[PDB]
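Below, in structure tokens: the form deposited in one PDB entry, a single chain.
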């Protein structure tokens, strides 16, 4: 069972950072129209089309629409990632150039599972079991056939189930909790602040605790101080595990709550 419908594509890397993506493309010798597909870490169920042209990198976010299709911003809709990559191979339709050489995964390397795989394989699975009591091949398919709005809802409160989320911690209590454990770089927790609906990332770097404000837009996207936007806190954390993006350091291991 592969929860991501792009899992069968040889050029799909799963949940990787932009740096690793660009690394794979360089070792593919660069060249115009060299491309790969990866999971989007900001938009739930989405992808990023990583392309190179004029020996410089391009990254096109692909958003999953409500009706289950996929589209680059202002672009046409496609029923799936596979369909999407095939179309753009035969017609740039806004891209700097058409997809040519697929930067396939090197032998041994599988797609990295991320939030989306976990959302479906664990959380939607349990949601489906609780509501319909399905078991075998009926539980699967049902897992990949839920509406994007249901997946979004589960994902939105998923952080409440994560060990790094501390539902009631002051700034001072967070520091004390972090200093009183292993003071390793990237040790972290997330905590709600007074103002609805703001949160704080508390992390250790150089044996010093740092606090970062997280606020959500009027669009409901969760924003780090650098301004990068995420559908969920869960995605925000998983993203910062792979890229600092205005943090003094990446998130590594959770400071456990209970």
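Residue numbers count along the first chain shown, from 1.
FYI, the form solved in complex with a partner chain isn't displayed, but the following is about it.
- Every residue of the trio 210, 228 and 246 has some heavy atom no more than 4.5 Å from the partner chain in the deposited complex.
- The listed set 75, 186, 113, 102 contains one residue whose heavy atoms approach the partner chain in the deposited complex to within 4.5 Å, identified as 75.
- When the partner chain is considered in the deposited complex, only one residue from 48, 44, 190, 204 comes within 4.5 Å through any heavy atom, namely 48.
- The chain is drawn here without the partner chain; in the deposited complex, the stretch among 90-98, 176-184, 138-146, 116-124 whose residues come within 4.5 Å of it by any heavy atom is 90-98.
- A residue is said to contact a partner when one of its heavy atoms sits within 4.5 Å of a partner heavy atom; residue 239 meets this definition for the partner chain in the deposited complex.
- The partner chain is not shown here, and in the deposited complex it never comes within 4.5 Å of any heavy atom of residue 26.
- Within 4.5 Å of any heavy atom of the partner chain in the deposited complex lies no heavy atom of residue 129.
- Interface membership of residue 61, defined by any non-hydrogen atom within 4.5 Å of the partner chain in the deposited complex, is confirmed.
- Legend note: Cα of residue 219 to Cα of residue 67 is at least 3 Å closer in the deposited complex than in the depicted form.
- A decrease of at least 3 Å in the separation of the C-alpha atoms of residue 67 and residue 220 is found in the deposited complex, compared with the displayed form.
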